Amino acid sequence: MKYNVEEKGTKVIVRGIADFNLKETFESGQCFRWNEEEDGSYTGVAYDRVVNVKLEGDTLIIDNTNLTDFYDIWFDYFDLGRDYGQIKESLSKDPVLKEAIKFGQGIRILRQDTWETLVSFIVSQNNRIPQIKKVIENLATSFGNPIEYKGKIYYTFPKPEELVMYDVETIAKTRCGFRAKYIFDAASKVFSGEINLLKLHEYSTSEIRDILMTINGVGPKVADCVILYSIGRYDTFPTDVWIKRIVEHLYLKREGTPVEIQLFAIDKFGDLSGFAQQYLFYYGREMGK
DNA sequence: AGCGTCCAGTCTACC
DNA sequence: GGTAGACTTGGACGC
């Protein structure tokens, strides 16, 4: 992907943007901390930074950042290096995905922080999106570090070291419920060095699954989401109830277990299963099931 | 009405 | 070996 990048004032401008849409990306069910501003731009808190992203045609405007942070953080965050046009063309050979793609032509898989993704999807279990978004912002406000942008105070996502000194009940004050003990166990295990997140990409996909599932409250799904949305292993297909029913209704025309639904997609899509999972998800929400 | 009953991945208990 | 039922918080839907 070829872009013309320039620093201009307190913002960074990227021209030559393709296969990208803010609304579609931030509402594909992968992230939770990005919110729409009145002009249609999005403000979010990731990697201990607060930025506003705005897309005007093929021009991206990232406010409150510098050329150092753009290449070090945001280039890889929005996965700008990858060609989604080739991915869309390849997947479109299946007629079901072609129909799914036309509704989400701008979905890109974000490369989010390992720790935030882990805790975010620990919170996601048996939980609707609006509540997940609320609990995460509670954790941020309660235990995060304050940063300001345009007069308003925003909060970073709490690190493991910033969570270990609190009891379960204190964590439970974020309205997370029974999930509090899982967050407490997750924070304890990373803080002790018992689970290394920086070196986690060195292991195979199956090894990573096993490493993360050692944390109480992390099963296959949470582990899969961390693997896809944070590690960037795209040959995975994280199966939630929604995608199960989407793959059921549109392909097999029967009913299935999360295991066989998963093995059907990885077989059919291969190294592009993660992208396919995104197009079907947003298409699933667009059709209303 | 307002009060109820159901439900949005993982663990635990028990096969 | 496998899974049914419990699980916080809270919003939807019944009558």
In Å and on Cα atoms, what radius of gyration and Dmax does chain A show? 18.9, 56
Rounded to whole Hz, the Karplus (6.51, -1.76, 1.60) HN-Hα couplings of the stretch A:271-279, x for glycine and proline: 6, 10, 4, x, 5, 4, 4, 6, 5
At what distance in nm do the modelled label points of A:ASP58 and A:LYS181 sit from each other, each positioned 7 Å from its Cα along Cα→Cβ? 5.5
By the Cα gyration tensor axes a ≥ b ≥ c (a/c under 1.5 gives rounded; else a/b larger than b/c gives prolate, otherwise oblate), the shape of the stretch A:234-289 is oblate
Candidate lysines - alpha carbon under 28 Å from A:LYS134, same-chain residues fewer than 8 apart omitted: A:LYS23, A:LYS54, A:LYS150, A:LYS152, A:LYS159, A:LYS173, A:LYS181, A:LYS189, A:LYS221, A:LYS244, A:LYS289
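Rounded to whole Å and ordered largest first, report the semi-axes of the equivalent ellipsoid of the stretch A:152-289 derived from its Cα gyration tensor (root of 5λ).
Details: eigenvalues 193, 69, 40 Å².
Working through the eigenvalues yields semi-axes of 31, 19, 14 Å.
Hey, what's the per residue convex hull volume over the C-alpha atoms of the stretch A:36-121, in cubic angstrom? Walk me through the numbers before you get to the answer.
Working: hull volume 11.7 nm³, N = 86.
Expressed per residue, the convex hull around the Cα atoms of the stretch A:36-121 is 136 Å³.
Assuming 1.002 mPa s and 20 °C, estimate D for the stretch A:68-113 with Stokes-Einstein, Rh taken as the Kirkwood radius over Cα pairs, in µm²/s. Intermediate values should be presented prior to the final figure.
On the way: Rh = 11.8 Å.
D = 181 µm²/s.
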Paramagnetic reach from A:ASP267 in the stretch A:88-120 [backbone N under 11 Å; point 7 Å along Cα→Cβ]: none
Gained length - A:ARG15 relative to A:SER90, 0.36 nm times residue gap less alpha-carbon distance: 24.5 nm
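Please report the relative contact order for chain A, taking Cα pairs under 8 Å with a sequence separation of at least 6, and give it as a percent rounded to a whole number. Intermediate results must be reported in sequence, preceding the final value.
Numbers: 430 pairs, mean separation 52.1, N = 289.
After rounding, I find 18 percent.
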In whole Hz, with x marking every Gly and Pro, tabulate ³J(HN,Hα) for the stretch A:247-263 from phi via Karplus 6.51 cos²θ - 1.76 cosθ + 1.60, θ = phi - 60°. 5, 4, 5, 8, 10, 5, 6, 10, 10, x, 7, x, 6, 6, 5, 5, 5
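Give me the number: length gained by fully extending A:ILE153 to A:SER204, i.e. 0.36 nm times residue separation minus the C-alpha to C-alpha distance, one decimal in nm. Don't jump to the answer; show the numbers that get you there.
Values: separation 51, 0.36 × 51 = 18.36 nm, distance 3.98 nm.
Length gained between A:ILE153 and A:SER204: 14.4 nm.
Nearest 20 debye, what's the magnitude of the dipole of the stretch A:234-289 about its Cα centre given +1 on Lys and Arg Cβ and -1 on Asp and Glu Cβ? All intermediate terms of the calculation are to be shown ahead of the outcome.
Details: 7 positive and 8 negative charges, 56 e Å.
Magnitude of the dipole: close to 260 debye.
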Would you kindly state the longest site-free stretch of chain A, with sites defined as GluC sites (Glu not before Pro) in a DSSP loop (not H, G, I, E, B) surrounded by at most 16 other Cβ atoms within 10 Å? A:39-193
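Expressed as a rounded percentage, what relative contact order does the stretch A:122-181 have, with Cα pairs under 8 Å and six or more residues apart?
Values: 56 pairs, mean separation 18.5, N = 60.
Computed value for the stretch A:122-181: 31 percent relative contact order.
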Mean residue ellipticity (222 nm) of chain A, computed from DSSP H runs ≥ 4 via -39,500 (n - 2.57), nearest 500: -11000 deg cm²/dmol
Where nothing but the Cβ of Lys and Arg (+1) and of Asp and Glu (-1) is charged, how large is the charge dipole of chain A around its Cα centre, in debye to the nearest 20? 720
Could you go through the stretch A:61-69 in sequence order and give the Karplus-derived ³J(HN,Hα) for each residue, using 6.51 cos²θ - 1.76 cosθ + 1.60 with θ = phi - 60°, rounded to whole Hz, and x for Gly and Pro? 10, 9, 7, 6, 9, 10, 5, 5, 5
Of the candidates A:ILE208, A:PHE143, A:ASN126, the farthest towards the positive dipole end of the stretch A:113-233 (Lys/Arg Cβ +1, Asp/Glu Cβ -1, centred on the Cα centre) is A:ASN126
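Bear in mind these aren't lab numbers, they're just calculated from the coordinates by the rules spelled out. Every residue, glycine as well, gets a Cβ built from its backbone with ideal geometry; the counts of neighbours run over all protein chains shown.
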